[PDB]
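A structural walkthrough
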There are 2 protein chains.
Amino acid sequence: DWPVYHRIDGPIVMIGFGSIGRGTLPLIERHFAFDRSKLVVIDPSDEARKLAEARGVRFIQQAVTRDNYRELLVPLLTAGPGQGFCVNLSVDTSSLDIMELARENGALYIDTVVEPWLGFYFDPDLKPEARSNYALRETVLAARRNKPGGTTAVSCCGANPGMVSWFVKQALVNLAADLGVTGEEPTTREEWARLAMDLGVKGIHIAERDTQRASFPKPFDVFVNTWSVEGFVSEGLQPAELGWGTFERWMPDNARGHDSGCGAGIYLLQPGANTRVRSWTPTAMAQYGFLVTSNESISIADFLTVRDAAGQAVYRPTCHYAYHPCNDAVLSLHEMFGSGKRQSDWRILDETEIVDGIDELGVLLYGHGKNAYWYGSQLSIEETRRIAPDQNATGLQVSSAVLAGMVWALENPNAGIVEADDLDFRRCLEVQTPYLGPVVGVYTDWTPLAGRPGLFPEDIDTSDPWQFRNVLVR
Amino acid sequence: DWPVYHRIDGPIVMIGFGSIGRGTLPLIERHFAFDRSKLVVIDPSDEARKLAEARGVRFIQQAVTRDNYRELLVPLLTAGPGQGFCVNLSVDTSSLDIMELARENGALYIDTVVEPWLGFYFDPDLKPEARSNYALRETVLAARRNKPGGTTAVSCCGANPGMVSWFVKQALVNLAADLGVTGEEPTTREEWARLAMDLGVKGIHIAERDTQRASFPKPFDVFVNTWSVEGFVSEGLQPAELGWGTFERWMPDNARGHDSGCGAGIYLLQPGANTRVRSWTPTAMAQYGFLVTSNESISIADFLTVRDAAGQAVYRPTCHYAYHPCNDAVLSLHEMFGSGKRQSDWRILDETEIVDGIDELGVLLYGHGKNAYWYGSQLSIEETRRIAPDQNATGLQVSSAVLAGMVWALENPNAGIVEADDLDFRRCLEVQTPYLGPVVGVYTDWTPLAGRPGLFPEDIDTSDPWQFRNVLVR
Ligand SMILES: NC(=O)c1ccc[n+]([C@@H]2O[C@H](COP(=O)([O-])OP(=O)(O)OC[C@H]3O[C@@H](n4cnc5c(N)ncnc54)[C@H](O)[C@@H]3O)[C@@H](O)[C@H]2O)c1
Ligand SMILES: NC(=O)c1ccc[n+]([C@@H]2O[C@H](COP(=O)([O-])OP(=O)(O)OC[C@H]3O[C@@H](n4cnc5c(N)ncnc54)[C@H](O)[C@@H]3O)[C@@H](O)[C@H]2O)c1
Ligand SMILES: N=C(N)NCCCCN
Ligand SMILES: N=C(N)NCCCCN
Ligand SMILES: N=C(N)NCCCCN
Ligand SMILES: N=C(N)NCCCCN
């Protein structure tokens, strides 16, 4: 039967019961021991309430806000007898404030995004830089500097960000092995960074192709996606953003850096979901991805930074998302950007609506001696239905990563604020792999210069195919 | 009972029997009197042969080429007893050479594109300028200067180019009435051009939204369209191209003009089917179109040019395509450009495969006192099936325009080389209108600056919303 990893000896408070909460709840029930009445779900949606009622779980129909979160969450998280777990799978809530509250009260915490309080983005007073995931991540880094150690809080532990950090580590190990480089895997951050440098990894795409499709065609004036529409649109309207590698010799005129912080990022003064990059996955082969911001674009580049004695970066990989969402989401983006406004309605595809497809999600490491290597999951909707209820393949990659991070947090409960890059990647993948379908590593000789130049003049760098100059669609 | 407009007493030579030839043959049979034995279809494909044989029509299974066209076509065109009609609905053949051959032999001619001989669209030694539709059209204008008058040959008489020239005239008439501009309806080119000028028409989009969709979803690695895939891809890879208005104050850095010719055009050093423009149709409302080259982008701008005594243009409208094809074609373009190569297979949607949808095709005249006015057809697939066989809504708009052009040519058989702008628009619409479904005019207050500026800095011209600077997606 399914492994029960740990007893949770306190309340389990799940904030949000949308596509990911719905997929995560059954895994929590499956893999942890606890009295059923310890778990409570908080979400303002009537749709969510009705579903929770049908699952027989406690439900509080309330939006968590800047004004109520202390009065609501402190009693719930401290109900006893021991340590509770705050599982934050919401939109419109501050990850940082809720994380800090959980830690203050001795509750474990996990989320899948650094989300701000409602109102953050649609404010005309914010400069583009302040709307970046780099800036949001810096709030978490500052929180950790201010309060080192303490109760474990896992930031950004979904599929991507989250699982893909573990895939990067596995991929680096595999690349070394494939070269005949034997000897123990890295143990420390510096050793991981040096492995990437030593292997000559220039950069990393989070290279994803979602091929799920529904039994109904995309409706006019409806945004369709396989996970949060609100979340995807919000991030798609944030600046295009990337971890910025030391090898890069060019950036766009509308690229900007940061005065402060870890030093690993740039952003572009244009929306990520209307920015295309040339990328590749095993099933897609060459494809366009959208350069949507993501926490791990920064966090992986930061993690794999090698510095000199003076503290200047001497090696860092480029890292960013290259997302090809499901076809109906591609059409939804074309519709939304073309109309200059959000659609009147939206829907997230349910497993009962999906006729076939996979969520092919992995990491594409490039620039090393074997050109490019993609490592990741090819989870199909058919396999998903066999192994976990109430979610599609996109959802299961996320919910199983949350499961893995929860196991890690329960196993390592005094680790302070951590990102997926800080966790034991082998333990996490051990927990997650039963939910990932085929997990494979594939080399390719494809580069962004394949077939170029064509019929028109292009500004390309033929000396270094993987330069962002060649990847960015201009 | 369907009107039988005229008897055709000579050979009817149909070159090409793809989507448009298949839709056009039954209209020819319906609306002209002739012995069926006098029709001959020429196409290299087995598929075409089998369909022709099923219709009991003479078929010759040959590709027309530069090497064979004289020896192949002259006996067919001159078989008698009367004047023949060459109906050219092919790809990979020279419209100019066939048209000249038909004229030399006293046969009427019609086509829907200025096509070059096979090999042109991918000659690596061709400069971008030479790949433009402006350049191709100039070969036709030069032919007309060399041999004025004579047997009628109608160049570019499909839906667009073709029908939309007639819609522009009707739209100018309607605008004059609504804006209270007094004067007789124009009856010469110079009078039409002066009317556009007097109305303050800054520019025109050929503004199209195809919403046809099939009973099967888009297959991976298959290009799907509602008319020629080979044709659409070829034109999509030609430079983005537009008739260039005197009101325009800016053009992009990669825009180029022409040192000779009618003077009406610019092109961009990028492919038209990967170039987006902000546009509008009644059903789509605000949408992206692709800036795919089209003969009428140049021909309409040229037709509506007012020159001073010295022969310098003092008024000319901007004119270009803003094409939103069917959703499966949108996905096909994303796939093709994203992969950097044509898909391995393609298909044209048959009426038997299409579940619903329309081809909304009209002209959007902008910059006048009522902002913008769209005039055109909203033909549905359901109506198409009721009124004409063997074609979808896209096809019927084209085949019915060819029919109208044929009627006009028989009624005006010694008019020389003409474009759709040169034909009697009321007569042509009288023939075509039974096949166009709802034909409507709609005003809108939408402009390309709607909702702009937004989240990010943009290079806009706030003084004049309709500037290309604002329309082009950059
Ligand atoms: N790291 C990853 O791989 C990854 C993947 C998917 C989603 N996410 C993120 O996970 C989160 C959930 O995604 P989803 O697909 O379940 O989204 P969803 O849109 O399906 O659900 C969001 C849910 O949060 C709710 N909610 C809104 N305001 C709230 C508030 N004030 N308090 C409590 N709940 C509130 C909605 O009512 C709702 O049911 C999103 O923030 C998201 O961007 C991360
Ligand atoms: N003006 C408009 O509105 C408009 C609209 C649709 C199509 N078109 C144009 O009409 C033409 C036909 O379009 P379609 O949808 O029927 O295309 P299609 O791709 O369906 O058919 C083209 C046909 O030409 C053939 N052919 C190829 N090479 C040939 C040769 N050397 N000699 C004779 N025949 C040959 C194919 O075998 C074929 O059956 C295309 O050139 C096109 O771009 C114009
Ligand atoms: N990383 C993001 N920007 N969003 C989360 C995407 C989840 C789909 N695998
Ligand atoms: N992941 C990093 N960028 N740095 C290491 C942080 C370690 C937190 N305990
Ligand atoms: N005008 C073109 N570039 N192509 C012909 C388009 C036919 C769809 N109405
Ligand atoms: N349509 C033009 N641009 N000029 C007028 C041509 C008239 C051909 N008899």
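Thresholds applied
- Residues numbered from 1 in each chain as written, not as in the entry; some residues may be left out.
- Chains lettered and ligands numbered in written order.
- Heavy atoms only, no water.
- Helix = DSSP H or I, 4+ residues; strand = E, 2+ residues; numbered from the N terminus.
- Contact = heavy atoms within 4.5 Å.
- Areas by Shrake-Rupley, 256 points an atom, 1.4 Å probe, with all protein chains shown as cover.
- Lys, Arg positive; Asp, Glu negative; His and termini not counted.
- Charge placed at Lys NZ, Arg CZ, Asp CG, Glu CD.
- Least-squares fit on C-alpha atoms.
- Axes fitted to C-alpha atoms, helices over the stretch in contact; angles between N-to-C directions.
- Parallel < 35°, antiparallel > 145°, perpendicular 65-115°, else oblique.
- Left-handed = near helix turned anticlockwise from the far one by under 90°.
- Buried < 20%, exposed > 50% of the residue type's maximum accessible area, 1.4 Å probe, protein only.
- Domains from an automatic or database assignment.
- Buried area = accessible area lost by both parts, 1.4 Å probe.
- Salt bridge = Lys/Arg side-chain N within 4 Å of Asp/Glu carboxyl O.
- Polar contact = N/O pair within 3.5 Å; in protein donor to acceptor, adjacent residues only side chain to side chain.
- Near = heavy atom within 4 Å.
- Nonpolar A, V, L, I, M, F, W, Y, C, P; charged D, E, K, R; others polar.
- Pairing = 2+ DSSP bridges.

- Per the PDB record, this model was obtained through X-ray crystallography at a reported resolution of 1.3000 Å.

1. Remarks on the overall build of chain A
- If you tally the helices and strands in chain A, you get 14 helices and 25 strands.
- The principal-axis extent of the C-alpha atoms belonging to chain A is close to 65 × 55 × 50 Å.
- Pairs at least 24 apart in sequence give 75% of the contacts found in chain A among residues at least 6 apart.
- Carbon and sulfur atoms make up 49% of the accessible area of chain A, which amounts to about 17,400 Å² in all.
- When the 42 basic and 61 acidic side-chain charges of chain A are each reduced to a single mean position, those positions are 1 Å apart.

2. Topic: the relation of the copies chain B and chain A
- For the pair chain B and chain A, the best superposition has an RMSD of 0.4 Å and corresponds to a rotation of 180° with a translation of 0.0 Å parallel to the axis. Within this description, the copies of the chain are treated as partners about a two-fold rotation axis.
- When the interface residues of chain B are mapped onto chain A, 100% of them are again interface residues, pointing to one common binding face.

3. A short note on the packing of helix 12 (residues 393–411) of chain B against helix 13 (residues 425–432) of chain B
Residues and elements named next belong to chain B.
- Contact geometry of helix 12 with helix 13 gives a least axis separation of 8 Å together with a crossing angle of 130°. Relative to helix 13, the element helix 12 is oriented oblique. Seen from above, helix 12 lies across helix 13 with right-handed handedness. Facing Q397, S400, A401, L403, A404, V407, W408 and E411 of helix 12, the residues of helix 13 in contact are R427, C428, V431 and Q432.

4. Re unusual backbone geometry
- The omega torsion of the bond from A:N160 to A:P161 falls at 5°, within 30 degrees of zero and hence cis.
- On the secondary structure map, A:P161 appears in the loop between strand 8 (153–155) and helix 6 (163–178).
- Here the phi dihedral of A:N371 falls at roughly 75°; this positive angle occurs in a residue that is not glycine.
- In this structure, B:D390 is a non-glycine residue whose phi angle is positive, near 65°.
- For B:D390, a relative accessible area of 43% corresponds to the partly exposed category.

5. Structural notes on the domain arrangement of chain A
Residues and elements named next belong to chain A.
- The domain architecture assigned to chain A consists of domain 1 (1–157 + 403–423) and domain 2 (158–402 + 424–474).
- Computed over C-alpha atoms only, the centres of domain 1 and domain 2 are separated by 24 Å.
- With 44 residues of domain 1 in contact, the opposing surface of domain 2 contributes 51 residues.
- For the pair domain 1 and domain 2, the summed buried area comes to about 3,700 Å², and 56% of that belongs to carbon and sulfur atoms.
- Contact with domain 2 buries surface across domain 1, with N133, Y134 and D421 losing the most and accounting together for 20% of the total.

6. Focus on the interface of chain B and chain A
- Taken together, the contact between chain B and chain A spans 34 residues of the former and 34 residues of the latter.
- A combined buried area of about 2,800 Å² lies between chain B and chain A, and 63% of that area is made up of carbon and sulfur atoms.
- When the buried surface of chain B facing chain A is broken down by residue, B:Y288, B:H334 and B:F456 rank first, second and third, together holding 24% of it.
- At the junction of chain B and chain A, the tally comes to zero salt bridges.
- If you look at where chain B meets chain A, you find seven residue pairs in polar contact.

7. What about the site of ligand 4?
Residues and elements named next belong to chain A.
- Every residue near ligand 4 is listed here: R137, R144, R189, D302, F303 and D422.
- A distance of 3.3 Å separates a nitrogen atom of ligand 4 from a polar side-chain atom of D302.
- Here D422 contributes a side-chain N or O atom positioned 3.0 Å from a nitrogen atom of ligand 4.
- Where the shell around ligand 4 is concerned, the elements lending two or more residues are helix 5 (133–146) and helix 9 (295–303).
- Looking at side-chain class alone, the shell around ligand 4 contains one nonpolar, no polar and five charged residues.
- Residues from two domains meet in the shell around ligand 4; each of domain 1 (1–157 + 403–423) and domain 2 (158–402 + 424–474) gives at least three.

8. Some words on the sheet that holds strand 24 (residues 417–419) of chain A
Residue and element names in this part refer to chain A.
- In space, the seven strands of this open sheet follow the order 5-4-2-6-7-8-24, with parallel pairing throughout. In the strand order of this sheet, the two ends are held by strand 5 (58–60) and strand 24, each with one partner. For this sheet, the mean inter-axis angle between neighbouring strands, taken without regard to orientation, is 20°.
- Here two bridges tie strand 7 (residues 108–110) to strand 8, and the two strands are oriented parallel to one another. Among the inter-strand pairings, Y109 is bridged to a residue of strand 8, identified as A153.

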